[PDB]
$ cat structure04.txt   # compact mmCIF, C-alpha atoms and all ligand atoms
# COMPACT_ATOMS: atom_id res chain seq x y z
CA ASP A 38 0.00 0.00 0.00
CA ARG A 39 1.25 3.50 -0.81
CA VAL A 40 -0.16 4.73 2.51
CA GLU A 41 1.33 1.95 4.64
CA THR A 42 4.62 2.21 2.73
CA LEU A 43 4.86 5.95 3.47
CA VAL A 44 4.10 5.29 7.14
CA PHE A 45 6.83 2.63 7.14
CA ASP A 46 9.36 5.00 5.55
CA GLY A 47 8.65 8.03 7.76
CA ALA A 48 8.79 5.88 10.89
CA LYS A 49 12.04 4.32 9.64
CA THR A 50 13.57 7.76 9.02
CA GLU A 51 12.69 8.84 12.56
CA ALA A 52 13.78 5.54 14.13
CA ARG A 53 17.11 5.96 12.32
CA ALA A 54 17.38 9.36 14.03
CA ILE A 55 16.43 7.92 17.45
CA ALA A 56 18.82 4.98 17.14
CA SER A 57 21.90 7.07 16.42
CA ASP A 58 21.14 9.23 19.45
CA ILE A 59 20.70 6.24 21.78
CA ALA A 60 23.65 4.41 20.20
CA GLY A 61 25.82 7.51 20.54
CA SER A 62 24.90 8.09 24.17
CA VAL A 63 25.51 4.38 24.88
CA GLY A 64 28.84 4.26 23.03
CA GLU A 65 30.03 7.36 24.88
CA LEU A 66 29.20 5.84 28.28
CA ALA A 67 30.73 2.51 27.23
CA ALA A 68 33.93 4.43 26.45
CA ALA A 69 33.82 6.16 29.84
CA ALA A 70 33.31 2.79 31.52
CA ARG A 71 36.20 1.18 29.61
CA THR A 72 38.47 4.13 30.46
CA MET A 73 37.53 3.82 34.14
CA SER A 74 38.18 0.07 34.07
CA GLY A 75 41.65 0.98 32.80
CA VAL A 76 42.59 3.59 35.40
CA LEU A 77 41.32 1.27 38.13
CA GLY A 78 43.41 -1.55 36.63
CA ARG A 79 46.60 0.39 35.93
CA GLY A 80 46.17 2.12 39.30
CA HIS A 81 46.24 -1.37 40.80
CA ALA A 82 49.15 -2.66 38.71
CA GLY A 83 51.45 0.13 39.85
CA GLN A 84 50.04 0.79 43.33
CA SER A 85 49.15 4.29 42.15
CA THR A 86 45.79 4.23 43.95
CA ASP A 87 44.88 2.73 47.31
CA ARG A 88 41.40 1.42 48.04
CA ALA A 89 40.36 4.84 49.36
CA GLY A 90 41.37 6.61 46.15
CA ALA A 91 39.66 4.05 43.93
CA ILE A 92 36.42 5.38 45.44
CA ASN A 93 37.50 8.99 44.82
CA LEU A 94 38.28 8.28 41.16
CA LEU A 95 35.08 6.28 40.59
CA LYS A 96 32.99 9.43 41.11
CA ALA A 97 34.50 11.10 38.03
CA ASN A 98 32.26 9.11 35.68
CA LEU A 99 29.10 10.70 37.13
CA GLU A 100 30.46 14.25 37.30
CA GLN A 101 31.40 14.20 33.60
CA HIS A 102 28.48 12.30 32.00
CA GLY A 103 24.97 13.38 32.98
CA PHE A 104 23.44 10.40 31.18
CA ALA A 105 25.03 7.96 33.66
CA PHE A 106 22.87 7.17 36.69
CA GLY A 107 25.69 5.53 38.63
CA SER A 108 29.27 4.29 38.56
CA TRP A 109 30.37 1.16 40.39
CA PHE A 110 33.06 -1.49 40.78
CA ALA A 111 32.66 -5.08 41.97
CA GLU A 112 36.01 -6.57 42.97
CA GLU A 113 36.95 -10.23 42.60
CA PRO A 114 37.09 -11.63 46.17
CA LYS A 115 40.03 -10.10 48.13
CA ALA A 116 41.59 -8.97 44.84
CA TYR A 117 42.02 -5.20 45.33
CA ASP A 118 43.98 -4.87 48.58
CA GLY A 119 43.04 -7.84 50.79
CA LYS A 120 42.24 -5.64 53.80
CA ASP A 121 39.39 -6.45 56.18
CA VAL A 122 36.25 -4.87 54.82
CA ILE A 123 33.20 -5.80 56.90
CA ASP A 124 30.54 -3.06 56.69
CA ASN A 125 32.23 0.30 56.05
CA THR A 126 30.24 2.03 53.32
CA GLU A 127 32.70 4.95 53.28
CA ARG A 128 35.41 2.39 52.35
CA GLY A 129 33.37 0.25 49.93
CA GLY A 130 32.50 -2.60 52.30
CA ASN A 131 29.24 -4.53 52.03
CA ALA A 132 27.73 -6.83 54.65
CA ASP A 133 29.30 -9.77 52.79
CA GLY A 134 32.78 -8.30 53.26
CA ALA A 135 33.74 -7.33 49.71
CA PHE A 136 35.03 -4.16 48.05
CA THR A 137 31.88 -2.81 46.36
CA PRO A 138 31.84 0.98 45.96
CA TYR A 139 28.86 2.55 44.25
CA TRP A 140 28.19 6.18 43.35
CA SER A 141 24.55 6.73 42.40
CA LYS A 142 21.86 9.38 42.32
CA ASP A 143 19.28 9.69 45.08
CA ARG A 144 15.67 10.91 45.01
CA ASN A 145 16.71 14.59 44.90
CA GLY A 146 19.28 14.33 42.10
CA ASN A 147 22.42 14.30 44.27
CA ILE A 148 25.28 11.78 44.44
CA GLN A 149 25.65 9.28 47.27
CA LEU A 150 28.06 6.48 48.11
CA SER A 151 26.20 3.17 48.27
CA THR A 152 27.27 -0.48 48.44
CA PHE A 153 25.91 -3.67 46.92
CA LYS A 154 26.18 -7.44 47.11
CA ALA A 155 28.81 -9.28 45.05
CA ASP A 156 26.46 -11.41 42.93
CA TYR A 157 29.06 -12.88 40.57
CA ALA A 158 26.44 -14.87 38.65
CA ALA A 159 24.40 -11.70 38.04
CA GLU A 160 24.32 -10.41 34.49
CA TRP A 161 26.12 -7.16 35.34
CA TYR A 162 29.14 -9.14 36.56
CA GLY A 163 28.95 -12.46 34.72
CA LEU A 164 28.56 -11.18 31.16
CA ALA A 165 31.68 -9.00 31.14
CA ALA A 166 33.71 -11.51 33.17
CA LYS A 167 32.86 -14.53 31.00
CA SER A 168 33.49 -12.78 27.66
CA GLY A 169 36.47 -10.66 28.74
CA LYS A 170 34.86 -7.89 26.69
CA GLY A 171 32.57 -5.01 27.59
CA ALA A 172 28.90 -5.94 27.92
CA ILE A 173 25.45 -4.51 28.63
CA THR A 174 22.73 -6.06 30.79
CA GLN A 175 19.08 -6.81 30.36
CA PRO A 176 17.01 -4.31 32.35
CA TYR A 177 17.08 -5.15 36.04
CA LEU A 178 16.07 -3.58 39.33
CA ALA A 179 19.18 -2.19 41.05
CA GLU A 180 19.87 -2.98 44.74
CA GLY A 181 22.35 -0.40 46.00
CA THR A 182 20.42 2.62 44.74
CA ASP A 183 18.89 5.02 47.27
CA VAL A 184 15.42 4.41 45.91
CA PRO A 185 14.67 1.25 43.90
CA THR A 186 15.26 2.08 40.25
CA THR A 187 15.21 0.03 37.05
CA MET A 188 18.40 0.40 35.02
CA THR A 189 20.67 -1.21 32.45
CA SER A 190 24.39 -1.55 33.16
CA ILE A 191 27.44 -1.25 30.91
CA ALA A 192 30.25 -3.24 32.53
CA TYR A 193 33.89 -3.86 31.63
CA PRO A 194 36.52 -6.19 33.07
CA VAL A 195 39.12 -4.51 35.27
CA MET A 196 42.59 -5.94 34.60
CA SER A 197 45.76 -5.71 36.72
CA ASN A 198 48.88 -7.17 35.06
CA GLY A 199 47.06 -9.61 32.80
CA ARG A 200 44.82 -11.09 35.54
CA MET A 201 41.33 -9.69 36.07
CA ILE A 202 40.55 -8.39 39.56
CA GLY A 203 36.91 -7.36 39.20
CA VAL A 204 34.30 -5.58 37.11
CA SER A 205 33.56 -1.87 36.74
CA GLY A 206 30.51 -0.43 35.03
CA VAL A 207 28.12 2.47 34.49
CA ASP A 208 24.31 2.64 34.75
CA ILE A 209 21.53 4.02 32.56
CA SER A 210 18.25 4.40 34.41
CA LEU A 211 15.21 3.28 32.48
CA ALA A 212 13.84 6.77 33.22
CA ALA A 213 16.82 8.49 31.59
CA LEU A 214 16.10 6.50 28.42
CA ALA A 215 12.41 7.47 28.54
CA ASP A 216 13.54 11.10 28.92
CA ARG A 217 15.75 11.00 25.82
CA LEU A 218 12.89 9.53 23.79
CA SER A 219 10.98 12.71 24.62
CA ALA A 220 13.91 15.08 24.25
CA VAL A 221 14.13 13.99 20.63
CA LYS A 222 10.50 14.07 19.83
CA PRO A 223 7.78 11.59 19.01
CA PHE A 224 5.72 11.46 15.79
CA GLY A 225 3.21 14.09 16.90
CA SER A 226 0.47 11.97 18.12
CA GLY A 227 3.12 9.37 17.72
CA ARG A 228 4.87 7.54 20.47
CA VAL A 229 8.31 5.95 20.41
CA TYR A 230 9.34 3.10 22.70
CA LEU A 231 12.40 0.88 23.07
CA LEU A 232 13.01 -2.87 23.44
CA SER A 233 16.11 -4.60 24.78
CA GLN A 234 18.40 -7.26 23.31
CA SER A 235 15.76 -9.93 24.03
CA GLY A 236 12.65 -7.82 23.47
CA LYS A 237 12.18 -6.72 27.07
CA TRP A 238 10.58 -3.28 27.57
CA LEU A 239 13.18 -0.52 28.15
CA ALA A 240 10.76 2.34 27.47
CA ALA A 241 7.07 1.45 27.48
CA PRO A 242 3.60 3.03 27.45
CA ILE A 243 2.83 2.18 31.08
CA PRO A 244 5.63 1.56 33.62
CA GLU A 245 4.22 -1.87 34.53
CA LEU A 246 5.57 -3.17 31.18
CA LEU A 247 9.21 -2.32 31.88
CA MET A 248 11.66 -5.22 32.10
CA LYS A 249 8.96 -7.59 30.85
CA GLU A 250 9.21 -9.37 27.50
CA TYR A 251 7.18 -8.11 24.57
CA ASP A 252 4.12 -10.24 23.94
CA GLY A 253 1.68 -7.70 22.48
CA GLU A 254 0.37 -7.78 18.94
CA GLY A 255 2.97 -8.55 16.31
CA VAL A 256 5.20 -10.47 18.73
CA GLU A 257 6.63 -12.82 16.09
CA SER A 258 7.74 -9.92 13.90
CA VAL A 259 9.64 -8.53 16.90
CA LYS A 260 11.41 -11.88 17.24
CA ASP A 261 12.08 -11.90 13.48
CA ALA A 262 13.26 -8.28 13.41
CA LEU A 263 15.58 -9.21 16.29
CA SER A 264 17.03 -12.04 14.17
CA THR A 265 17.41 -10.44 10.74
CA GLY A 266 18.39 -7.10 12.28
CA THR A 267 16.17 -5.49 9.68
CA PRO A 268 13.02 -3.43 10.30
CA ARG A 269 9.54 -4.88 10.56
CA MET A 270 6.09 -3.27 10.69
CA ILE A 271 3.18 -4.59 12.74
CA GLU A 272 0.04 -3.49 10.92
CA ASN A 273 -3.11 -2.45 12.62
CA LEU A 274 -2.94 -3.03 16.30
CA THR A 275 -5.24 -1.48 18.85
CA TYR A 276 -5.00 -0.08 22.29
CA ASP A 277 -8.58 -0.74 22.09
CA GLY A 278 -11.06 1.01 19.93
CA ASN A 279 -9.78 4.43 20.45
CA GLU A 280 -7.26 5.00 17.67
CA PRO A 281 -5.51 2.20 15.94
CA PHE A 282 -2.03 2.47 14.71
CA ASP A 283 0.96 0.80 13.26
CA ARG A 284 4.00 -0.44 15.18
CA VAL A 285 7.34 -0.17 13.37
CA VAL A 286 10.26 -2.02 14.95
CA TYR A 287 13.80 -0.84 14.19
CA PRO A 288 16.78 -2.86 15.44
CA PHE A 289 20.08 -1.04 15.82
CA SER A 290 23.47 -2.19 17.10
CA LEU A 291 24.86 -0.60 20.15
CA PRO A 292 28.41 0.29 19.78
CA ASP A 293 30.77 -1.55 22.01
CA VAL A 294 28.83 -3.83 24.21
CA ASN A 295 27.87 -6.42 21.75
CA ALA A 296 24.10 -6.04 21.62
CA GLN A 297 21.27 -4.42 19.70
CA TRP A 298 18.05 -2.69 20.72
CA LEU A 299 14.68 -2.12 19.06
CA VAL A 300 13.21 1.29 18.53
CA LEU A 301 9.43 1.04 18.37
CA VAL A 302 7.67 3.90 16.63
CA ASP A 303 3.89 4.01 16.89
CA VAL A 304 2.03 5.92 14.18
CA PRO A 305 -1.77 6.32 14.47
CA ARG A 306 -4.10 6.03 11.49
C1 LIG B 401 25.48 -1.51 42.03
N1 LIG B 401 24.75 -1.80 40.77
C2 LIG B 401 24.10 -0.59 40.24
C3 LIG B 401 25.58 -2.30 39.89
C4 LIG B 401 25.69 -3.89 40.26
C5 LIG B 401 24.71 -4.19 40.99
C6 LIG B 401 23.75 -2.93 40.92
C7 LIG B 401 22.87 -2.87 42.07
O1 LIG B 401 22.27 -3.92 42.44
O2 LIG B 401 22.68 -1.79 42.68
$ encode --input "structure04.txt" --output "structure tokens"
Amino acid sequence: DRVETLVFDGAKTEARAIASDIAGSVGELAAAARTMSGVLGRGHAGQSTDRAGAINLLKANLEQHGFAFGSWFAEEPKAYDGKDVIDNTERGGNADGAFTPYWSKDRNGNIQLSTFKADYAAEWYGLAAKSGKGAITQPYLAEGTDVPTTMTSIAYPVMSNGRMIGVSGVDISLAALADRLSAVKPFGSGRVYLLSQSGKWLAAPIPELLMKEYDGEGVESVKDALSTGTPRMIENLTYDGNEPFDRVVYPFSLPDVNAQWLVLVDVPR
């Protein structure tokens, strides 16, 4: 159809715009995470930074990049400095007794020093540690944040003389993503959303959908778009009665973290 084709093109053109903005923001944070992983690693190799200073330096990633919700480092057990660590949040000690510093934002938009559990099998640690390369997580509810907040994490292995000593990473709150999708505008009576590597909701119509897997109308096309990496269009779906619209899905590779996301662009009839 010449109408549906034009809707498909216009939505594609705008999804292309949205994807390069998200991909750019992501790639820039990934670079800041990888840099931090380096200075934490080299600072360990040459005893240029103690455990106290590692916390000092870790705050730089939030002061310089507003799009990062938090900056953290989970240390392989006893790896950093081997000192006793039980419960000293000002020195990166969790209840488990492990070096886990965490700078994050609180409810009022200020920076606080938190601490988290060393869940080595968790995506934010396992992915980067098993591949040896930078990685990005499926959306998950963060623990060490002041207020519970749903975020995705870009994590990199921290190396010290050819042996890894832990994982450092940066966070993108699911709200920050939602904000960007309104800073660069929707279709005008058009809404844009965002799916994760596996089709989980990163930016959704209602917040109840976040972190859940897509199973609305046109689900198979989402799975097929995710495979081919090419765009699909779900025709005529209804948030019921009121105005029906088309759902265009637009995969796009994220720069350094070995993953792709879907832009969803909703255009009403
Ligand atoms: C500290 N983090 C933001 C990063 C790793 C775990 C996560 C958290 O649970 O808070």
$ atom_distance --input "structure04.txt" --atom1 "atom CA of residue 254 of chain A" --atom2 "atom CA of residue 300 of chain A"
15.7 Å
$ residues_near_ligand --input "structure04.txt" --ligand "ligand LIG 401 (chain B)" --cutoff "7 Å" --atoms "all atoms listed in the file" --output "PyMOL selection string"
chain A and resi 107+109+139+152-153+161+178-182+190+208
$ write_last_selection --input "structure04.txt" --atoms "C-alpha atoms" --output "short mmCIF file (atom, residue, chain, number, x, y, z; two decimals), in the coordinates of the input"
data_model
loop_
_atom_site.label_atom_id
_atom_site.label_comp_id
_atom_site.auth_asym_id
_atom_site.auth_seq_id
_atom_site.Cartn_x
_atom_site.Cartn_y
_atom_site.Cartn_z
CA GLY A 107 25.69 5.53 38.63
CA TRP A 109 30.37 1.16 40.39
CA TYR A 139 28.86 2.55 44.25
CA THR A 152 27.27 -0.48 48.44
CA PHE A 153 25.91 -3.67 46.92
CA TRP A 161 26.12 -7.16 35.34
CA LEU A 178 16.07 -3.58 39.33
CA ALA A 179 19.18 -2.19 41.05
CA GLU A 180 19.87 -2.98 44.74
CA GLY A 181 22.35 -0.40 46.00
CA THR A 182 20.42 2.62 44.74
CA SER A 190 24.39 -1.55 33.16
CA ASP A 208 24.31 2.64 34.75
#
$ axis_aligned_box --input "structure04.txt" --around "segment 219-224 of chain A" --padding-each-side "3 Å" --output "lines of an AutoDock Vina configuration file"
center_x = 9.9
center_y = 13.3
center_z = 20.2
size_x = 14.4
size_y = 9.6
size_z = 14.8
$ closest_residue --input "structure04.txt" --among "A:90, A:253, A:236, A:242" --to "residue 287 of chain A" --atoms "only C-alpha atoms"
A:236
$ atom_distance --input "structure04.txt" --atom1 "atom CA of residue 296 of chain A" --atom2 "atom CA of residue 196 of chain A"
22.6 Å
$ residues_around --input "structure04.txt" --residues "segment 64-79 of chain A" --least-positions-apart "6" --cutoff "8 Å" --atoms "only C-alpha atoms" --output "number ranges by chain"
A: 85-86, 91, 95, 98, 102, 104-105, 171, 191-198, 202, 204-207, 291-294
$ closest_residue --input "structure04.txt" --among "A:271, A:218, A:256, A:131" --to "residue 55 of chain A" --atoms "only C-alpha atoms"
A:218
$ closest_residue --input "structure04.txt" --among "A:146, A:163, A:80, A:227" --to "residue 183 of chain A" --atoms "only C-alpha atoms"
A:146
$ atom_distance --input "structure04.txt" --atom1 "atom CA of residue 274 of chain A" --atom2 "atom CA of residue 234 of chain A"
22.9 Å
